[PDB]
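Data first, discussion second: the structure below is written as structure tokens.
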RNA sequence: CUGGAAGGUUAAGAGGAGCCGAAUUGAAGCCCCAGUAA
RNA sequence: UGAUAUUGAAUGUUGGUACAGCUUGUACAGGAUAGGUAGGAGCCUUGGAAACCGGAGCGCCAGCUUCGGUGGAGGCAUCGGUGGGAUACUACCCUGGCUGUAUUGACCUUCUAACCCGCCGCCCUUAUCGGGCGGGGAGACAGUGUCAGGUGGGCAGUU
RNA sequence: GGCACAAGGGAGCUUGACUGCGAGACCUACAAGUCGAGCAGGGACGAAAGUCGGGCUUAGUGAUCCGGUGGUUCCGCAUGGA
Ligand SMILES: Nc1nc2c(ncn2[C@@H]2O[C@H](COP(=O)(O)OP(=O)(O)NP(=O)(O)O)[C@@H](O)[C@H]2O)c(=O)[nH]1
Ligand SMILES: Nc1nc2c(ncn2[C@@H]2O[C@H](COP(=O)(O)OP(=O)(O)NP(=O)(O)O)[C@@H](O)[C@H]2O)c(=O)[nH]1
């Protein structure tokens with residue numbers, strides 16, 4: 001399908017426009033430094049036409065600009081934003097230099113004109129020698145009709161996410177997976193800014209991986225609304241069902257990071273990185289294996305996987321691990337069999353003034369969930385609720401997924 | 001190695017020749033917000049100005065000294081031809097219409113734009129006064145006397161400074177090349 | 001778990017010709033070496 | 001757990017600044033195939049100005065920039081427009097370097113004076129405190145005052 | 001709860017399916033909350049007067065403290081601007 005890309009300079013309403021086209025995933029602030037740092041994809045709709053959209057950026061500047069050039073070539077038409085209020089700047093011609101040697105169609109846009117009187121001053125914007133400028137506004141939806149047509153003229157499954165704290169290798173992890181340079185990797189913390197989509201197929205099966213740029217301590221987040229980026233990570237979690245957790249070869253915040261995932265009723269998998277950094281010899285894995293088991297007990301179903309991004313070892317095993325967690329998270333059981341075992345549990349533990357068990361059935365299949373029909377909803381004890389939990393998780397697999405349990409009254 | 005004075009350089013650009021004495025001035029983009037680009041009538045001072053006057057404003061444009069005004073649209077005569085001559089000014093009504101024609105004025109430096117005082121309702125007063133962060137300004141000739149270019153550079157420097165750009169902080173002056 | 005690269009595979013693909021798929025590249029994992037049994 | 005003042009002296013290793021001087025931008029033209037600001041007010045001259053042959057940087061691997069003695073008062077011709085240009089610049093500037101100029105910054109050895117001694121002698125003095133002179137050892141770190149990553153079970157607030 | 005005079009069909013384009021604006025029902029605790037009188041501006045096959053819609057109430061969670069972006073003949077702490 002046709003691909004469209006927008007390029008420009010800091011402070012030109014790009015991310016803003018892209019969001020106005022569709023969605024609000026793109027982060028928006030007001031300052032020179034805070035800009036989208038890498039490519040991101042999406043979908044659009046304009047008449048029968050249905051092209052996508054590529055968003056780019058304006059310390060480290062060579063990388064992002066280079067990434068923009070990557071987009072430049074593989075695109076179909078070119079959107080070249082520019083500001084209208086302050087006329088023509090040096091950076092405009094600077095980028096124009098590469099655009100001239102870019103043998104691609106160009107459609108220019110002018111932003112920051114949100115009132116009829118401001119619609120003028122377009123004659124000056126005739127330097128590029130390009131076509132007709134079409135004004136647009138970000139705060140208001142002005143002048144977009146002419147722009148789109150300008151573009152339409154030349155116009156002819158599961159998802160899983162990875163999270164962690166900043167500076168762990170999560171960006172290096174992904175790019176290596178695809179085996180493609182897709183996201184920026186740096187040795188400084190919080191290099192990535194916002195979540196990035198990536199769609200690919202594995203073993204005749206398509207998948208969608210997502211990054212979340214890492215997260216600092218919750219009292220450590222005092223910046224120019226960099227929580228505005230942190231929430232994007234939260235939305236991403238809601239978007240996908242499977243979450244992989246990445247720790248470097250333990251800090252309590254990592255437990256706290258796992259806090260949101262577990263309560264979300266989303267399958268969660270434990271992953272480690274940088275295994276090459278530490279000593280690697282006989283029976284080394286055990287020390288971590290029980291340390292994570294000892295530290296993390298409110299989760300048990302999570303399988304433990306080992307990989308090292310730099311040397312790229314065991315990375316093949318990671319993908320399959322994800323598939324196994326999937327059906328486990330989407331699986332119903334025959335109500336006859338489920339209730340068949342509920343009593344055995346109570347036969348071996350005839351000590352519930354006394355609770356009574358009559359029925360239990362699977363209702364929610366999206367996340368393994370069930371409901372028990374008892375006599376006294378108050379009479380229970382959380383330990384007993386923890387008892388019936390393990391029994392069922394041992395009768396069948398239900399591994400790598402959480403379980404929610406409900407206890408209705410007799411009614 | 002030596003920075004000459006203003007009273008010496010006017011008498012010396014007599015000797016750097018009938019040539020035209022012009023001034024470069026390095027300004028102090030970061031500061032594009034308060035950039036320094038402009039035009040002002042000159043004291044110690046042949047053009048051919050063609051106007052785009054609309055409505056009644058053509059009636060005062062034909063007596064001030066302009067060569068050709070127009071038949072309210074001769075951009076079709078501008079298409080496929082049009083040796084432009086000196087200066088193009090316009091009025092704030094047909095400017096948009098002329099502008100939507102393309103860059104026949106973009107890389108040729110005559111596009112009407114009301115940031116320069118050239119697109120206004122006073123076309124009679126506009127004919128009579130015209131006849132990387134750098135500004136070029138023709139202040140005069142070689143054959144002018146020594147007291148002409150001093151007032152010319154004084155007027156242009158007072159115009160630049162009168163316009164003390166916002167974000168005045170930091171040095172404003174870098175270089176004067178006469 | 002440990003090296004030493006050899007034996008090929010390169011793996012979904014990345015790519016695609018004819019007609020869904022040519023050639024051509026393509027990490028791991030398989031000792032393909034034993035020591036190791038935790 | 002990193003910065004900054006105590007905190008001083010010389011070696012080399014380098015840096016970063018600025019200041020000069022030299023050189024750099026080959027492109028779809030124009031004797032080839034070069035960045036933001038004037039169509040001249042030619043040069044005779046000179047590793048060739050026709051051909052003519054070194055040198056890099058190189059190369060856009062094309063074919064140029066000048067240091068430039070044969071032919072040489074011959075030569076291209078300021079001069080025009082297969083790219084938005086087009087000369088003699090008033091020439092400013094950036095870019096990328098080189099050269100040196102100076103002003104600092106940092107690592108390597110580091111020496112001693114700093115700052116230290118739950119080291120040994122003498123004196124105050126009858127004194128396992130303290131203090132002053134000596135030696136000795138470590139020596140610019142340590143420790144010491146203010147800014148940033150864990151971490152308190154130590155202290156609260158809480159429905 | 002309709003008997004076609006409210007389930008056919010040239011044009012009349014066409015969500016006035018709008019901008020102004022208002023007497024009663026409610027519940028009558030009120031706030032709130034809802035549903036339907038009455039009128040200038042052309043804005044219609046329109047010519048005689050018919051127009052604030054998909055002919056039972058059934059929605060875009062609460063439309064909000066939701067403003068941080070924007071037009072200002074409003075103020076601006078001694079007078080100009082900010
Ligand atoms: N007044 C006004 N401000 C606008 C308009 N469009 C955008 N802005 C402002 O400009 C800011 C910059 O836009 P943003 O999309 O964040 O830019 P970016 O994310 O850095 N990407 P880029 O710099 O390439 O455009 C926005 O946060 C918004 O405040 C507009 O039409 N009018
Ligand atoms: N030795 C070693 N280094 C690694 C490994 N994976 C990543 N790194 C390095 O660790 C650093 C972390 O880079 P990056 O992927 O950006 O980590 P991140 O910051 O957690 N991801 P993000 O940028 O999205 O926040 C990089 O310098 C990367 O080269 C690994 O397996 N081994």
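FYI the Cβ positions are ideal-geometry reconstructions off the backbone, even for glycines, and counts take in every protein chain you see. Where a number appears in this text, it was derived from the coordinates with a stated rule and is not lab data.
Given R₀ = 22 Å, FRET efficiency for residue B:40-residue B:173 by Cβ-Cβ distance, to 0.05?
Result of the calculation: an efficiency of 0.75.
By the gyration tensor of its Cα atoms, with a ≥ b ≥ c the square roots of the eigenvalues, what is the shape of the stretch A:1-154: rounded for a/c under 1.5, prolate for a/b over b/c, or oblate? Write out the running numbers ahead of the final one.
Working: a/c = 1.18, a/b = 1.06, b/c = 1.11.
Rounded, since a/c falls under 1.5.
Over the alpha carbons of the stretch B:1-137, what is the largest minus smallest coordinate on each principal axis, giving the biggest first in Å?
56, 38, 29
Sorting check: for A:105-118, A:270-283, which peptide has the highest mean count of neighbouring beta carbons within 10 Å, and how do the rest follow? Intermediate values should be presented prior to the final figure.
Details: A:105-118: 17.2, A:270-283: 14.2.
Those peptides, ordered most packed to least, come out A:105-118, A:270-283.
Using helices alone, I'd like the mean residue ellipticity at 222 nm for the protein assembly as shown: each DSSP H run of four-plus residues gives -39500 (n - 2.57), total over residue count, nearest 500.
Calculated mean residue ellipticity at 222 nm is -9000 deg cm²/dmol.
Taking a quarter of the surface of the convex hull around the Cα atoms of chain A, what do you get in nm²? If you can, show how the numbers build up before the last one.
Working: hull surface 106.8 nm².
Mean projected area of the Cα convex hull: 26.7 nm².
For a test of the definition: using alpha carbon positions, the gyration tensor, and the 1.5 limit on a/c, classify the stretch B:110-178 as rounded, prolate or oblate.
It is oblate, given that a/c is not under 1.5 and a/b is not larger than b/c.
Could you tell me the extents of the stretch A:254-304's C-alpha atoms along the three principal axes, largest first, rounded to whole Å?
Per principal axis, max minus min of the Cα coordinates gives 37, 19, 16 Å.
In whole angstrom, how far apart do the alpha carbon centroids of the stretch A:1-44 and the stretch A:82-103 sit?
18 Å
Once the principal axes of the Cα atoms of the stretch A:35-117 are found, what is the range along each, listed largest first in whole angstroms?
Sorted largest first, the three principal extents are 37, 34, 26 Å.
Under 1.5 on a/c is rounded, so check that first for the stretch A:155-226, then, if it is not, pick prolate when a/b is larger than b/c and oblate when it is not; a ≥ b ≥ c are the square roots of the alpha carbon gyration tensor eigenvalues. The partial results should precede the final answer.
Working: a/c = 2.08, a/b = 1.92, b/c = 1.08.
Note, shape of the stretch A:155-226 comes out prolate.
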